[PDB]
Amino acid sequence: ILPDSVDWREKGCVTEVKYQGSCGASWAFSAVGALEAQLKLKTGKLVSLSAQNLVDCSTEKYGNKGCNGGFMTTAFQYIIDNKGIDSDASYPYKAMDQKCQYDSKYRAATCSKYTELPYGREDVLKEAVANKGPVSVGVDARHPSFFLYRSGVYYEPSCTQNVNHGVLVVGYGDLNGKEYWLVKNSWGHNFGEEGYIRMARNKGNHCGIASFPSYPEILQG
C-alpha cells in the first residue's frame, strides 16, 4: 500500500542543503533536518533550525562531542529537555565549537518525542519515510567513492553497516531498475546531485543506511 517513490522536497518540507565544513557536525545537520520537516507539516512554515545550537549545547550530558561527532537521538533529547531549539537565523552555523548560546526568545521549534527504528530493516525505514517524514540516519561515508559521487544510484562494494556520518533520508525511488534512498547531505550544493546522494536501497542495508534510523515529532499542544 506504500508509495513506490517519495520525495519530501515536493511538499516543501526540506530546507536548503547546508555546508558543514571542517566541523564534524553531520549528526547535528541530520537532526535539525528531520525536525524541520515536522515543523513544516505542523505549522506550514519552512525554517532552517540551528545546527550550531546542537553543537554548542547538546554536549557531554548527551554523549555528544560537537565538531568531533554526536548522535541524532540525543540531539532530539536535548531539544526535548531544553524545551526548544533556535532558528539558524538567530543562531547561525560557524563550523566551530562554541559556548552554548541558546536563547528561548528565538525558539523556532520544539520536540515532543523521537522514535528509533530497528537496525537493518529497510522495509520499516520505507514505511517511516512514507508515513512520518524524512528520517535521520547514519551511513558509512568512509570511502573515496562517496566524496567523489556525482550522480546516479551509489553502490560501494566495500561499504560496511558501521555508520560514521549523519544524513537525512528525504525519500526513495527507483532509477532504471535500481532502487535508491534519496539522501540529503550537508556538504553544500557541489556535492553529488545538488547536495543529495541516491544510495542503493534493498541491497542488504548498504552502507548501513538503515542501521540507526530515528525521527522526531512535534505533537499538538
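Residue indices: 1-based, along the sequence shown.
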Open item on the list: So, looking at the entry's B-factor column for Cα atoms, which has the higher mean, 172-180 or 44-52?
Closed with: 172-180
Task: Of 63-71 and 33-41, the one with larger mean CA B-factor - done: 63-71
Open item on the list: For the chain shown, is the CA B-factor of residue 220 in the lowest, middle or highest third of its modelled residues?
Closed with: highest
- [ ] Looking at the entry's B-factor column for C-alpha atoms only, identify whether residue 157 ranks in the lowest, middle or highest third of its chain.
- [x] highest
TODO: Can you work out whether the C-alpha temperature factor of residue 205 puts it in the lowest, middle or highest third of the chain?
DONE: middle
Task: For residue 91, the third of its chain into which the C-alpha B factor falls - done: middle
Open item on the list: Quick check for you: using the entry's CA B-factors within this chain, is residue 105 in the lowest, middle or highest third?
Closed with: highest
